[PDB]
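Both blocks below hold the same protein chain, though in two forms, and each is given as structure tokens: structure 1 and structure 2.
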Structure 1
């Protein structure tokens, strides 16, 4: 029928606290805690690499990314929970016959893990991740391959996320896009087709 592709962090799950903690740990071990930002939330956005990049700038080193994907995976879920209404919305969307999927830019082996721990895994007909198949958003292969492996044309899909990358992907891929206002909005210059202020509004949006 219709496909709804969701971003993971800042959309389905409120993972800010755990991320900040893993980052605090990594920096302490690496001897760089002085670069821990005053307001960390404006740094959490497109993966572990992009966060360390934004935090360290020229002090960035690739072997740091792996230090982070470590401290953060022995506490992938401590404070993290789905946003309010998300559990109801997935189950609701699934029972009305909608294919659901998580297209994120976070490790695909981990995308399946955090969701297993939060009992959300089962609602998704597929869980594409940061590495899954060859390219990360902004576009448009993760979304087109994810839609072929599902049997739906882009014209029947909806990307629900919070970044300029999500909007570009859907735009380039041919899907619809909606901003998850309840999540952590990181839009800069892009404009989505819709605005969802609450997850349940999704159930509404797909009514008629």
Structure 2
């Protein structure tokens, strides 16, 4: 299978950010006096963006302006506990040296995505970092995948989308790309069937070693 470009979700795929999301949520509920809403398992709410997170956490108490509040607090501490998943740096290095173009596409705010990857020193691996706002937060799926690919000059059929959520896989399928599930992330059950299922990041590199995936000059 011949490919040229690999696009990664961020939270729960490249980075283990749940503790820093929890820290921002905490500061958010304190600001807003909504402490009793802090949930028992925050990682259950990670994946769909800050908006989806606050909507499931606050239910009837949700207000659109709270998104800005959360983001403000997350920006005051983008990296405290957050780290790349084990084998992430290794895996990016391997892919890039085989010649793949790499990009990040996620729901996280672009500014925050770039700040986090700078602090973790991963920015270098990526040809393009794309966040929920980059092409407009209101755009329907899979526009961000498509537009990222158009920027990179590459076709969908030559791209692989890696993410831990069924929504990542579903966007790959709408765009007509190949898809891979990242099982090391936050999602405990999945109903999408991707081309590939990865239990650890270095598994990407094994598929390359077996010529199961090859880089297309």
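Numbering follows the first chain given and starts at 1. Superpose the two forms; the largest set of C-alphas matching within 1.5 Å is the rigid core.
Note: rigid core superposed between structures 1 and 2; among 125, 135, 116, 85, the CA shift is 2 Å or more only at 135. With the core held fixed between structures 1 and 2, residue 197 has its Cα displaced by under 2 Å. In the core-superposed comparison between structures 1 and 2, residue 16 has its Cα shifted by less than 2 Å. Core superposition places the C-alpha of residue 187 5.2 Å apart between structures 1 and 2.
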